[PDB]
Each structure stands twice: as structure tokens, then as C-alpha cells.
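*Asks:*
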Amino acid sequence: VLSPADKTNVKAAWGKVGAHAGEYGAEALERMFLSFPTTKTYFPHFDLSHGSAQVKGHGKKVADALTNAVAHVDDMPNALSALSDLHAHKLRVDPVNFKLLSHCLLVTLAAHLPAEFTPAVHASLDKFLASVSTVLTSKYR
Amino acid sequence: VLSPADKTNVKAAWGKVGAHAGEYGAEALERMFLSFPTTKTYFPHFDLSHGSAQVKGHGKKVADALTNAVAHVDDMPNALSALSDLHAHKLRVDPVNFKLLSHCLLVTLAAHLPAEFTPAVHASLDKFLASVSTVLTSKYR
Amino acid sequence: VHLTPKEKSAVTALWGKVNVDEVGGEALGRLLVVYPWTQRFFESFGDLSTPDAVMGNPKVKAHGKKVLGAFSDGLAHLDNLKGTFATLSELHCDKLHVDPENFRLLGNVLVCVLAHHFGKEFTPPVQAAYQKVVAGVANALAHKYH
Amino acid sequence: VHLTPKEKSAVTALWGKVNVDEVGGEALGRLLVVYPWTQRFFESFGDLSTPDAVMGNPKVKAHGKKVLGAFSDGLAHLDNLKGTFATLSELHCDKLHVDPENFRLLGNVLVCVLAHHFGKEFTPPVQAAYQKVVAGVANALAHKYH
Ligand code: HEM
Ligand code: HEM
Ligand code: HEM
Ligand code: HEM
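Protein chains in written order, with the authors' numbering: chain A, 1 to 141; chain A', 1 to 141; chain B, 1 to 146; chain B', 1 to 146. A prime marks a further copy of an entry chain.
(1) Under 7 Å between beta-carbons, which chain B residues line up against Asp-85 (chain A')? List them in chain order, please.
(2) With a threshold of 16 other CB atoms inside 10 Å of the CB of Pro-114 (chain A), please say whether the residue is buried or exposed.
(3) In its own chain, which residues sit with a C-beta less than 6 Å from the C-beta of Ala-53 (chain B), not counting the 5 before and 5 after it?
(4) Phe-71 (chain B'): which of B':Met-55, B':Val-133, B':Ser-44, B':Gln-39 sits nearest, CA to CA?
(5) Indicate, with yes or no, if ligand 4 has a heavy atom lying under 8 Å from the CB of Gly-74 (chain B').
(6) Assign residue 175 (chain A) to one of three DSSP states: helix, strand, or coil.
(7) Indicate the three-state DSSP secondary structure (helix, strand or coil) for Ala-115 (chain A') in the structure shown.
(8) Please confirm if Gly-136 (chain B') has its CB atom under 9 Å from at least one CB of chain B.
(9) Counting pairs of beta carbons, one from the region 5 to 16 of chain A' and one from the region 124 to 141 of chain A', are three or more of them closer than 8 Å?
(10) Assess contact between the region 90 to 97 of chain A' and the region 25 to 42 of chain B, defined as three or more Cβ pairs (one per stretch) separated by less than 8 Å. Is contact present?
(11) Please check if any C-beta of chain A' sits within less than 9 Å of the C-beta of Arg-141 (chain A).
(12) Please compile the residues from chain B whose C-beta is within a distance smaller than 7 Å of the C-beta of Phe-117 (chain A').
(13) What separation, rounded to the nearest whole angstrom, lies between the Cα atoms of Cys-93 (chain B) and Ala-13 (chain A')?
(14) Can you give me the start and stop residues for the alpha helix (DSSP H) that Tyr-24 (chain A') sits inside?
(15) Assign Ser-89 (chain B) to buried or exposed, taking buried as 16 or more other Cβ atoms, counted over all protein chains shown, within 10 Å of its Cβ.
(16) Hey, would you say the C-beta of residue 143 (chain A') is under 8 Å away from at least one heavy atom of ligand 4?
(17) At 3 residues or longer, and completely inside the region 11 to 43 of chain B': list those beta strand (DSSP E) runs for me, N to C.
(18) Could you tell me the alpha carbon to alpha carbon distance between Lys-139 (chain A) and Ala-123 (chain A'), rounded to whole angstroms?
(19) Is it the case that the CB of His-122 (chain A) approaches a heavy atom of ligand 1 more closely than 8 Å?
(20) Any beta carbon of chain B' sitting closer than 9 Å to that of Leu-129 (chain A)?
(21) List the residues of chain A' that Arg-30 (chain B) touches, going by C-beta distances under 9 Å, in chain order.
(22) Please confirm if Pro-44 (chain A) has its CB atom under 9 Å from at least one CB of chain B.
(23) Is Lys-120 (chain B') close to chain A, meaning its C-beta is less than 9 Å from at least one C-beta of that chain?
(24) Let me make sure I understand the geometry here. Which of A:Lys-99, A:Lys-16, A:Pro-37 has the alpha-carbon closest to that of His-146 (chain B)?
(25) Does ligand 3 have even one heavy atom less than 8 Å from the beta-carbon of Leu-48 (chain B)?
(26) Do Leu-125 (chain A') and ligand 2 come close, with the Cβ less than 8 Å from some heavy atom?
(27) Measure the C-alpha to C-alpha separation of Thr-67 (chain A) and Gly-22 (chain A) and round it to an integer number of angstroms.
(28) My guess is that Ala-135 (chain B') and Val-107 (chain A) are in contact by the Cβ rule of under 8 Å, so how many angstroms apart are they, rounded?
(29) With hydrogens ignored, establish whether the beta-carbon of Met-76 (chain A) is closer than 8 Å to any heavy atom of ligand 1.
(30) Tell me which residue opens and which closes the alpha helix (DSSP H) that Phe-122 (chain B) is part of.
(31) Any heavy atom of ligand 3 closer than 8 Å to the Cβ of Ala-70 (chain B)?
(32) Which chain B' residues sit within Cβ distance under 8 Å of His-146 (chain B)?
(33) Between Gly-107 (chain B) and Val-137 (chain B), how many whole angstroms is the CB-CB distance? I'm expecting something under 8 Å.
(34) Contact check, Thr-12 (chain B) vs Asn-102 (chain B) under 8 Å by CB: the rounded distance?
(35) Less than 9 Å separating the beta-carbons of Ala-79 (chain A') and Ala-63 (chain A')?
(36) What residues from chain A crowd round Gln-131 (chain B'), counting only those whose CB sits closer than 7 Å?
Spelled out as C-alpha cells, the structure:
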């Protein structure tokens, strides 16, 4: 589970992200679309080129949802309640895909926060993203 | 999540298992050891032959833990608290393995309860075993 | 996949008693019921709103028959599944973009359906041999991904 | 794995700037730290009680160097990874019985380590090419399973 230390690590690392949250969100998406092509099937109405305003705008949305999760890390189920319904019921996103996005998010942070991405924080972030993923697919199991 | 209907399906199907719970538990283990050889590395001190009293005795233990989970399906985290520590901290069981055992359990029930294993109950059982699995590996994420 | 003489014997012997009009539809329907996200691939099949709607869907029953045909074919060419599913691989991989994990799930649901239909006959050793077969088919189907 | 000329260029160019004494130990250590169950495979390595104990473990640093060597080798024989890892596959599969999902996890942790070390240089396209490589290595290592 998310231990007191994990909670602290996540809050600190995310705190470092600061204003670049939206940018890193767009970057993780772009990394996912390129490394894992299957994920693109979910975004037909999206132009997934490099300067895409659609991907830029969506990254901001993903970032804000994670900020919400960090701010309410002890009641994520409630906080993310609406997003689960969206991804599960409406979008039918394959559970496997949350792991690909999670990995791409970790890769983006590693590329932007050398000092913070220690093995310890890395493990905390992984558990955190794993917890966000569990909630978003909870309308399955 | 486990809906009111899922809860009902699980309670009913498990109710059918009745006294054969221990037997089906041993059978699922045997099915797992045979279909997925990697799982055997966790049982060096076990004779995994067909009439093994060790596997017979252990199946009873697995069955009783699932009975506990069904009896306290709304507070599984607490009920199974001790087993998680065992499998996660002490045994270091690879998470992937819970899916193999889960599948083998579903296969064993399908082979023993034709009337009950309807698509609906099948889906309820899968979510249930998925929930038991999440708790047993919670000392990870 | 390499099956032992006693294993191929177990598999084929069982596969012969299989109800081709039943099994296939039951496996695909249970997949759509048990793993809901897979429904995003068969929206054109009509109403998959409920399990009874899914299991009673003729399009589901019909496609299932096709799927089961692919397995029989794989059964005949175990020494060359990759070549046997090359066209299907291209289809599911390059065209549909189905994640490979789902080929594994269908294989296991198929195993559950056989256990349900054969009961005691589907012993652990027999399941073991079938797990090897569906494992091979899933890899072959995914081969266009690697 | 088939890499485009521009992709092989990206990969190799980056792999040359790689710190062989560092990267390898960092990847294996982070795997043991981030995915604790993997520690059951290196109990003989000593104390892996804490991340600092894991990252400072000389046995971990040393084995890591070996692992990274395997990747370089795979880098040179992309046209034949299966043949290149045949012996390693037999080792991890038949002897150690490591689940294939863990080869995937190590590959991704390796990707994270490279991103951490190269920062901006590790652009999305470059990661895309590396994901293809680690995907190939993981399959090759698992080939003794299918
Ligand atoms: C870390 C997990 C994820 C988070 C935090 C997240 C968050 C979001 C948010 C906040 C939205 C916008 C909701 C709104 O407009 O009200 C959204 C939309 C969406 N997400 Fe995710 N998402 C996640 C993972 C995924 C994955 C793995 C996929 C699929 C590969 C996905 C596919 C979509 C799609 C298709 C939409 C709708 C886009 C549109 O039509 O505008 N999401 N997501
Ligand atoms: C549905 C999930 C599972 C349940 C309900 C379950 C339940 C149990 C129970 C009740 C025990 C005995 C605890 C005691 O003696 O106090 C146990 C022990 C153990 N389990 Fe599990 N288990 C599950 C899955 C697994 C899996 C997937 C593996 C590994 C492939 C595993 C490996 C073990 C081992 C090695 C022991 C200790 C055996 C011994 O030394 O006697 N378990 N499990
Ligand atoms: C063991 C794996 C599978 C086998 C052997 C299999 C086999 C088949 C076969 C024989 C067809 C007919 C293609 C034709 O008309 O030539 C087909 C079509 C299709 N399959 Fe699968 N399939 C498998 C898994 C899946 C999974 C898991 C999904 C998605 C969750 C899927 C989605 C599709 C779709 C959407 C079509 C319809 C294509 C069309 O005819 O327009 N299949 N499959
Ligand atoms: C990308 C995947 C991996 C590669 C390329 C790799 C490579 C290697 C190499 C080069 C060796 C040295 C073998 C020798 O002395 O000839 C080795 C040993 C070993 N590997 Fe891996 N490995 C991988 C994944 C893993 C994973 C994920 C685990 C377990 C969680 C693991 C467990 C072991 C163990 C226990 C040994 C020690 C064997 C011994 O020397 O006694 N490896 N591996």
C-alpha cells in the first residue's frame, strides 16, 4: 500500500514538477503514442503529430487529474470516481494501457528531475501510478 | 468493484462447493503445478505428485482462506491481512502467479459445477478472485 | 509447440468430442462478458448490453465458430503455427491493433469452456496440454508485433 | 527486431555514451528496489534490506555490468537475438524459472535509467527505438518458454 514515506515522496516529487506539470503530461502521451502504437486507436479524432495542440491540451488534463490524486491521495477512489466511469464504461480502455502510460510518465519525470528521481522516489511513484491505475480500471474488477 | 450481484453470485457458487471445498483447492493447485511449471519453485519442500498428502493438505488451507474472504467479502483487506504479509514480505511471490492460480480455480469450478458456472457467475468469480489477488499482493503497491 | 505423444493424444481425443457450433460462441461470448473492454472490438455485433444479450447474439455465435476453426487449424499445424496464423496475425495486429494480452485471455476462457463442457474428463494433465496449445496460438497471433 | 536506419542511428549513438560501470548496476538495483519479489532471486547477494543497501551492494553493481554486456551483444545481433540469447534463455527459463514478465520489467527500468542519465537527449523517438530493442531482448530471453 502507499506508506507514509511513499506519500511524502510523491508529494515532494510532484511538488518539483511545479508549473511544468502540463508540459510533462503532453510529453508522456507523445512518448506513449510513439513507443506503443496500439494506444493510438483511442485517439482517432486526435492529430498525434509532434506540435499537436490536441495532445498539448490533453496532457494538461492528464496532469490535473494526477494533481488531484496527489492532493487527495488518501481518498483517490472518491476523487477520481468520475474518470474511472469514463475510461472503463464509456471508453473501454484496455487495462494493459494504464501500465504503458504509467511507464511513460516515469520516463518523463526521470528525464526532467535528475536530482529527485532516486530509486526510493522511483519506487514511490510507481506504486502511486499503480494506485491511480487501479482506480481508473476499478469499474472492471 | 464487487457489485451487490457479484457478491450474491460468489456466495451462491461457493455455497454449492460445500464440503468439497478442500478437494477443489487441492485440484486447483495440482492444475497450476502441471500447467505452469514455474510455480513449483515455491514449493521445494513439497512432493507435488498426484496423491501428495502435502498438496492435499495445502489445498484445504487455500480453500479455507477463500471461505474467509467470502464470509467477509466486504472487509477482505482486514480478513486476509496476515496472508498478504506472508505471500508478499516473506514469500516474495511474483504477482503474475496469482492470476495462474485464479485461472486454475475457475477451471476447477467449471469442471465441478456445470449448472452454476454461468457466464454471469463466471464473471463474478473472476472479479472476486481478482480482488483476493489484489489484497494478497497489496504489500507491493 | 511440442506435445508429448501422450499429450497430443489427450488433446486430439478431446477436440474430437467438441461441439463446434457451441464451444466457439460460448468462448467469445464469455470473453466479452468477463472482460468488458473487449466489447469495443465488436460494437457492430449489436447489443452486448447484458450477458444474456451477449450469449444470445447470433453474430457472437457465428464469429465464435470462425475462431474455433482457427484453433482446429492450429491443432493440425502445431509444427508451424507462425506460418499458419500469419494472415490472422496481420489482421489482429496491424489492422485491429488488439493487445496480445487479449489473445491469452481468450485462450484461457476457451480452456474454461472445455472444462465446463467436459467436466471430470478435463483432467489436470489434459488441461496442461491445452494450456501449451493456447499458449502457442497466442504467441503466433502476436508474432506480427515483434 | 527491425530498426529503421534513423532508429539504429539513434540507439547506437546513445549506447556509445553509456557508462558501462554505472548503468548496469543502476538498472538491476532499481529493479530489486521497485519490484521487491525479484529479490528472491538474489538472496545470495547479501543485504538487500534497504534501497541504499541494494544500490550500494557490490554484487548488484557487478552483476549489473554483466547484464548490460548482454544488451550490447543483443545490440550487435539484432538480426538474430534468439540465437544470441539461447544460452541465457536456457539459464533464466529452465534453470532459474524466472517469469518472462520480469524480463519486460527490467527492460523498462533500463529505459528509465537511460532517460535519467541522458535527460533531454532521450527524446520520445529515441525511447521508441529502445522500447523496440528491449522488447526484442525480452522475447528472445523467453523463447525457451514457448
Ligand atoms: C494515468 C491514467 C490516466 C489519467 C490520469 C487520465 C486522465 C484523463 C483525463 C483527465 C481525461 C479527460 C476527461 C475529460 O475531458 O473530462 C482523459 C480522457 C481520455 N483518456 Fe485518459 N487518462 C489516463 C489514462 C488513459 C489511457 C491509458 C488511455 C488510453 C490509452 C486513455 C484514454 C483517454 C481517452 C480516449 C480520453 C478521451 C479523450 C477525448 O475524447 O477528449 N486515458 N483521460
Ligand atoms: C488465491 C490466492 C492464494 C490464497 C488464497 C493462498 C492461501 C494460502 C494459505 C492459506 C497459505 C497457508 C498459510 C499458513 O500456513 O498459515 C498459503 C501458503 C503459501 N502459499 Fe499461498 N495462497 C494463494 C496463492 C499463492 C500463490 C499464487 C503462490 C505461489 C505460486 C502461493 C504460495 C504459497 C506458499 C509457498 C505458501 C507457504 C507453503 C508452506 O511452506 O507451507 N500462494 N497460501
Ligand atoms: C486466440 C486468439 C484469436 C483467434 C484465434 C481469433 C481468430 C479470428 C478469426 C478466425 C477471425 C475471422 C477473420 C476472417 O474473417 O478471416 C477473427 C476476426 C476478428 N477478431 Fe479474432 N481471434 C482471436 C482473438 C481476438 C481477440 C482477443 C479480439 C479482440 C478482443 C479479436 C478481435 C477480432 C475482430 C474485431 C475480428 C473481426 C474482423 C472482421 O472480420 O472484420 N480476436 N478472429
Ligand atoms: C533483460 C533480461 C535479462 C538479461 C539480459 C539478463 C542477463 C543475465 C546475465 C548476462 C547473467 C549472467 C549469466 C552468466 O554468468 O553467464 C544473468 C544471470 C542471472 N539472472 Fe539475469 N538477465 C535478465 C533478467 C533477469 C531477471 C528479470 C531476473 C530475475 C528477477 C534475472 C535473474 C538472474 C539470476 C538469478 C542470475 C544469476 C545466475 C548465476 O550466475 O548464478 N535475470 N542474467
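Positions of the beta carbon are idealized from the N, C-alpha and C atoms, including for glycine.
*Replies:* Once the coordinates are examined:
(1) Simply none; closest approach about 29 Å.
(2) exposed
(3) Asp-47
(4) B':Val-133
(5) yes
(6) Outside the shown range of chain A, which is 1 to 141, sits residue 175 (chain A), and nothing can be said about it.
(7) coil
(8) yes
(9) yes
(10) no
(11) yes
(12) Neighbours of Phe-117 (chain A') on chain B, chain order: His-116.
(13) 37 Å
(14) 21 to 35
(15) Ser-89 (chain B) comes out buried.
(16) Outside the displayed span of chain A' (1 to 141) sits residue 143 (chain A'), for which this structure offers no information.
(17) none
(18) So the two alpha carbons sit approximately 13 Å from each other.
(19) no
(20) no
(21) Against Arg-30 (chain B), the close residues of chain A' are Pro-119, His-122, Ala-123, in the order they occur along the chain (beta-carbon pairs closer than 9 Å).
(22) no
(23) yes
(24) A:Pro-37
(25) no
(26) It does not: the Cβ of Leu-125 (chain A') is nowhere closer than 8 Å to a heavy atom of ligand 2.
(27) Separation of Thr-67 (chain A) and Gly-22 (chain A) (C-alpha to C-alpha, rounded to the nearest whole angstrom) is 10 Å.
(28) With a contact defined as Cβ atoms closer than 8 Å, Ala-135 (chain B') and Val-107 (chain A) miss out at about 15 Å.
(29) no
(30) For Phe-122 (chain B), no alpha helix (DSSP H) encloses it, and the DSSP letter there is neither H nor E.
(31) yes
(32) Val-1, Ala-135, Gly-136, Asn-139
(33) 6 Å
(34) The Cβ separation is near 26 Å, so there is no contact.
(35) no
(36) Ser-35
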